[PDB]
Each structure stands twice: as structure tokens, then as C-alpha cells.
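An overview of the molecular structure
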Amino acid sequence: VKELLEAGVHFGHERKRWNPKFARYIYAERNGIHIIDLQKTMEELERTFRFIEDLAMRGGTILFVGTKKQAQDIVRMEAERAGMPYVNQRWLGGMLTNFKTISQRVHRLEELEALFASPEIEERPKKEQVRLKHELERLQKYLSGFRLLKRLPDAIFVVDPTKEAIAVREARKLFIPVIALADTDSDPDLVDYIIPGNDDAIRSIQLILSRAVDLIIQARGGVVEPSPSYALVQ
Amino acid sequence: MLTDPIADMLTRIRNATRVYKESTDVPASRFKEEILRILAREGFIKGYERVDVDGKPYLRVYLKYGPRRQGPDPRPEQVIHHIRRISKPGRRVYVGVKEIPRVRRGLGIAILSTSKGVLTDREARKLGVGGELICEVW
RNA sequence: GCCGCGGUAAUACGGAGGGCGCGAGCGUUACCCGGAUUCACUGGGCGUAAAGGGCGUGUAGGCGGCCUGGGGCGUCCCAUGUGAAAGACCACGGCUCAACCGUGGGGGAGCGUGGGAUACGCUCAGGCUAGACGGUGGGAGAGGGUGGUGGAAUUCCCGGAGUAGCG
RNA sequence: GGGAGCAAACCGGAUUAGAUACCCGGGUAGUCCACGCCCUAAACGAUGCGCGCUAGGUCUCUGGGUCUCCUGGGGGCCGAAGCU
């Protein structure tokens, strides 16, 4: 139910690409690759989810971040599969610290939104038309996820945190609990609750993003069926 | 060859604390144990224990640290902010009871060898005795 | 006083009106300490700011791993002698106050004599092996000295061939 | 003592207003050997010596191992904490 799933194809990751502070969380260096202790991870998801659950059942929102290529789509789903916000594309700058001002991009998105098959396109030259269509396009592209939240989250969940170092800063400056799934690659030091394991194989990525939202819904009421994973496992 | 054991001991502590080292060893000496005995009692360490590395006696020192904090840099504050050798081997220092210091206004401590074993600012002061000021701890 | 002011509109010069400070005084000059952690014990430094000796070898000196006792010089504590008066410090009075002036109290580091403590330092005696040196066996190296030797090229001479230039 | 090559000085030709230079043709000490002096230097890592302690990554020289590697000594690069 826990490690039995994970022992399939979901444990250990990087090799001498690492960081020494990830020390307690490791079992062996077989194959010259660093293999992480799951027995320790067990005890971690426990204490991690204790906080996650707590935050869920009190109706406190969570922002999901995953820009890396072998994990983007896996985010778009779980997040919308829990009506919560995400960032699939570029982790923009000042999303949290200058929220005030990034927020005023949504107060342009919805301004364009109220115009997609509407009486004002009658007016305005063909110049603005396709232009604004092409604006909304990317406007939408980046702020699909980021939008559902219109006031600073109580926490953030993330995949490769070294890969989104920018994000971890913004949050941590605002005292916003940081929680994430990280590995040898990255350092535990600066994550308030950590899911230590493989941040690259969609396998290990998905499994962790699955039982993540599941516990969001169960603490909220009424767990459903699982969502897409085996897109093409080869 | 190490010119002063003590000053290195303290340093190794100062050095181990800086990285948040769970424990840290230090070669043994009865006078050191006496020191460390006060360090634990005064609440600067969990404690210590005699140990062995290749036949050679050490003292594993179990360090105590603060609680984890929020904001950027969560690194827990320290139990031992600052630890510094006083009577060094070149410049020895001695004091009668009346001449003893009040470390940090009393929050910290001054340790010292006297004819009656290793004591502290308050103890010695109270005993009514003096000796070689060893070091200051806070 | 230092930064600086004055070249036709000067709050910086000179006068004036006003204003700030102190007041039987107020200014200047000289000199001492201070600010100056600017000779740094308390309390500074030397990669590029001023500061690592061109580099070794070692004398005097400074400093000294772990453990056990003997001594008790350093060191600490106790008593006691000394530490004059005037001064300073605290009280209290005498001049109407004050400045001066008295009375009494409280001590002083130092050094002398006695007793005491032994952790640190020192000192004597013993022991250990983590410092240091030695042993055996191997290894890499344009480390140094002497002696001997190889070829490539520059230059010059002698011989051959060859001609109007070479550089 | 040696002296082929190179070359301060020195001389010629150039260039230039000038050219005691830069470029060209020569050229003396010196450069080399021995022996004895001299004692300086951007004698520079511009970082005195010895010791203990405080993440690792990367490539390299040299040793030792019941040699995918582990260990010791040395030479570079990137960098934790910290210092500046």
C-alpha cells in the first residue's frame, strides 16, 4: 500500500550529482547511484501528510509548482482534479513577493476573457483582434493554474525544488510553509515538510502526486477514481 | 603537537556547533572531562562519553542546539553562541575572588581552575576563592 | 581651526540692523590629557590599502601530548604588621551660603610575618605511545656535484659544379 | 681560458621637425669554462613556520590494497559553512 507500490519503479535517483546534506535520507550507493531509504520516507510522508491533511480539512489552499518537462502534465491534472492552483510553465518572478502586481495580470485576463465571442470584437481593428487573441493565448498559457488563488496560499507543494529555487525563496520570505518532493539532487535544509524520493521518473512523480490529492479529497469528502498516469510507460 | 589542548577542545566545539554536528569527539584528558562536566551541568550540551578510536581515548561530545525557526535561513539558533579561551599558554590569567567577571551580565558563564577543582563565576565567587580564568561561555 | 570664501546681484570680507552664547568678564596664543581602538594589555593590523624577513640551518629565548605521586615557587584563600599627616570618597557640622575650614567614618593596591588549598603553570620522581626520530621492504622524480658522449642547426675554411644577382 | 651564434656601448642606412629611439646592415664587452668576489630583484602565491579543527564536486601526477573500488602523498579547477 505504501512502499510495496514504490518498490516497483519509484526509489533512488541521482548519482554523484548530489548534495551532502541529504545524508540521513539514504540507504546505499549501489550501482554508483544514490539509493534512498524508504523506511525513513515512510515515517516522513506520515509527518508530511499530517500537516497536509491538517491544512486540507481546515480549508487552507496549496499552490503546486512543477515546471520540469518530465512532470508538467502530471501537475495540470491533480491540481484541477482538486480545484487548486498550479504552475506548469515558467515559474514567473514575484508571483508571491510581488503578488500585488502579478495579480493585476489576472485583472487583465478576465478583462480579455469577457470578450471571446462578444459584441466588442465588432469594434476594434483586425490589428488588435488577433493580437489580443494571441495575448489571451499566452496570458492563458501561464495563468491557467495561477488564477484560482486570489490571495497568498498557506503553503506550497513542489517537485524538484533546486529546479524551482526562485519559488522556494519567494514563499520562504513570506513565511509560507514550503513542502515538496525532492531527492539527492536537492537539499532538505529549507523544506518544512519533505517527501524524499525520485523527482524524474514520471512513475515516482505521479504515484506521489496521486496519493497527494487523494488525501486532499478524503479530508474534504468523497474520494474518486485515480487519474492519468500510464500515458506511454514506454 | 598542539600547544593547548583546551583551546582546541573549545574550538572543536565552536567548530562542530557551526555546522550543527550531532556529536563531535575530542581527545581525552581528566582536566577536559572536568570542563565538559560543567558544560553539561550548565546546560550547554546534552553531555559526553569516553569512547575509543584505534585504541586511543576520545570524548564524544553530544551537542545541544536551538529549535528550528521560520523565515529564510531556518537554521536553529544556538546554545553556544560564543566560546572563547582566556588564559592562553603565552598570556596566562589569574584572578582573586573579588576580581572575577560577570559574563554577559550573568546569562553566560566564566569557567576557572582553582585549587578546589574547576568552578564557575557564581560557584567560586560563593566558595570564596579564585584561580586561572580558563574561558568564557554563552 | 579644517573644508573653503571674494572675478558686480557674498547669509563667509568691511559697516549696519537684528540674532545666538557667556558675562566682570569675553576672546586669542602657548602647553598637558581627551576625542585618537592614530603604538591597540583592556583595544588595531600586514593577498591588492602602509605592513611576510629572497630561502634555509640553527644559538639564546618563548612555548609544551597522556597518566601517577613527592614538593608547593607561580596561583588562590585566611589572619596580622605596614600602608603618616594634608588630599580624594561618604556622612556631619564652623564661617549668613559658597569657595575655603573642622570632626568622624570608610577603606588602598603593594610589601613584611603566620596558617591553609593543590585544579592550572612550575619542579623532582615513575610510566605510556597518539607528537617526533629510528628499523625492514619497496617507489616517482629536469634535486645537486664530477666525469664522459650524440645528433640537428648557425658560422668559417678547403674542393667541385654554376651565373647575376643576394639580402 | 674560450668566443660559433646572439648582443648593451659603439658605427653605418632608414624614418622623422628632430630620432642620441622604435626598423635594417655591422659590432665590443658580455653570453660559456674554471677559480674567487658581489647579495640584489614584480627573489611574487606580492600569502613566515609547525599543529589541530570545519560540505562536497570535478581531472591529474605518484604510491599501497584479497585492485567496478578503497586508502596515502602531491599538483589544478568549481565551490558548504565561515571570512572579506
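Calculation notes
Residues numbered from 1 in each chain as written, not as in the entry; some residues may be left out. Chains lettered and ligands numbered in written order. Part of a larger assembly, values for the part shown. Heavy atoms only, no water. Salt bridge = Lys/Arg side-chain N within 4 Å of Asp/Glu carboxyl O. Helix = DSSP H or I, 4+ residues; strand = E, 2+ residues; numbered from the N terminus. Buried < 20%, exposed > 50% of the residue type's maximum accessible area, 1.4 Å probe, protein only. Near = heavy atom within 4 Å. Polar contact = N/O pair within 3.5 Å; in protein donor to acceptor, adjacent residues only side chain to side chain. Nonpolar A, V, L, I, M, F, W, Y, C, P; charged D, E, K, R; others polar. Pairing = 2+ DSSP bridges. Contact = heavy atoms within 4.5 Å. Axes fitted to C-alpha atoms, helices over the stretch in contact; angles between N-to-C directions. Domains from an automatic or database assignment. Buried area = accessible area lost by both parts, 1.4 Å probe.

X-ray crystallography is the method the PDB entry states for this structure, with the resolution given as 3.3000 Å.

Oppositely charged side chains can form a pair if their charged atoms are brought close together. For the structure shown, the criterion picks out 24 salt bridges over all chains. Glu33 of chain B serves as the salt-bridge partner of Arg50 of chain B, at 3.4 Å between the closest nitrogen and oxygen. Placement of the pair is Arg50 of chain B in strand β2 (residues 45–53) and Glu33 of chain B in helix α2 (residues 30–41), with a sequence separation of 17 residues. For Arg50 of chain B, a relative accessible area of 63% puts it in the exposed group. A salt bridge links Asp73 of chain B to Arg69 of chain B; the nearest nitrogen and oxygen atoms lie 3.7 Å apart. Within this structure, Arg172 and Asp192 of chain A together with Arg68 of chain B form a network of salt bridges that share partners.

Residue and element names in this part refer to chain B. RNA strand C sits among 27 residues. The nearest are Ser29, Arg30, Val97, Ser113 and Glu132. Within 4 Å of the protein, the contacting atoms of RNA strand C are 82% sugar and phosphate, with bases supplying the remainder. The separation between a sugar or linking oxygen of RNA strand C and a polar side-chain atom of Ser115 is 2.9 Å. Between RNA strand C and the protein, one listed contact pairs a sugar or linking oxygen with a backbone N or O atom of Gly130 at 2.8 Å. Of all the elements in the fold, those that place two or more residues in the surface near RNA strand C are α2, β5 (94–95), β6 (109–114) and β8 (131–137). Along the lines of polarity and charge, the residues of the surface near RNA strand C split into 10 nonpolar, 10 polar and seven charged.

Okay, the sheet that holds strand β4 (residues 178–182) of chain A next. All names here are of chain A. Strands sit in the order β2-β1-β3-β4-β5 across an open sheet of five strands; the sheet is parallel. Each of the sheet's edge strands pairs with one partner strand only, and the pair in question is β2 (86–87) and β5 (193–196). Where strand β1 (residues 62–65) lies against strand β3 (residues 155–158), four bridges are found, and the strand directions are parallel. Its bridge partner lying in β3, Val65 is registered against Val158.

All names here are of chain B. Strand order in this open sheet of three strands is β1-β3-β2, and the pairing throughout is antiparallel. Two strands lie at the open edges of the sheet, namely β1 (23–24) and β2, each paired on one side alone. As judged from the eight bridges shared by β2 and strand β3 (residues 56–63), these two strands associate in the antiparallel manner. The residue bridging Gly47 from the neighbouring strand is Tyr62, located in β3. Running at roughly 150 degrees to β2, α2 makes contact with β2 and β3 of the sheet.

All names here are of chain B. One non-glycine residue, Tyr20, lies in positive phi territory at about 65 degrees. Of note, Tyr20 is situated in the loop between α1 (5–18) and β1. With relative accessibility at 29%, the residue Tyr20 sits in the partly exposed group.

Turning our eyes to something else, we now look at the protein's contact with RNA strand D. The environment of RNA strand D is formed by 13 residues, the closest being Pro20 of chain A together with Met1, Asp8, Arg12 and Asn15 of chain B. Residue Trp18 of chain A places a side-chain N or O atom 3.4 Å away from a phosphate oxygen belonging to RNA strand D. In the environment of RNA strand D, a phosphate oxygen lies 3.3 Å from a nitrogen or oxygen atom belonging to the side chain of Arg75 of chain B. Tallied by class, the residues present in the surface near RNA strand D amount to five nonpolar, two polar and six charged.

Residues and elements named next belong to chain A. Domain annotation for chain A reports domain 1 (4–91 + 148–234) and domain 2 (92–147). For domain 1 versus domain 2, the distance between C-alpha centres works out to 30 Å. In this assembly, domain 1 packs against domain 2 so that about 1500 Å² is buried in total across both faces, 64% of it on carbon and sulfur atoms. Considering only the side of domain 1, the residues that lose the most area to domain 2 are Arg90, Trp91 and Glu170, jointly responsible for 32% of the buried surface there. Linking domain 1 with domain 2 are zero salt bridges. At the junction of domain 1 and domain 2, the tally comes to 10 residue pairs in polar contact. If you list the elements that add at least two residues to the side of domain 1 that touches domain 2, you get β2 and α6 (165–173). Looking at the side of domain 1 that touches domain 2 element by element, the count peaks at three residues for α6.

This brings us to the domain arrangement of chain B. In many analyses, interface size is given as the accessible surface area lost on bringing the parts together. Residues and elements named next belong to chain B. Split into domains, chain B comes out as domain 1 (3–80) and domain 2 (81–138). The straight-line distance from the C-alpha centre of domain 1 to that of domain 2 is 19 Å. If you look at the interface, domain 1 gives 20 residues, while domain 2 gives 18 residues. Buried surface at the junction of domain 1 and domain 2, both sides included, amounts to about 1600 Å², of which 66% is carbon and sulfur. It is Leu10, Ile38 and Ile80 that lose the most area in domain 1 upon contact with domain 2, and together they represent 27% of the buried surface on that side. On the surface where domain 1 and domain 2 come into contact, there are three salt bridges. Here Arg41 ties to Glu123 by a salt bridge, and the two come within 2.7 Å at their closest N and O atoms. The interface formed by domain 1 and domain 2 includes seven residue pairs in polar contact. Taken together, the elements giving at least two residues each to the side of domain 1 that touches domain 2 come down to α1 and α2.

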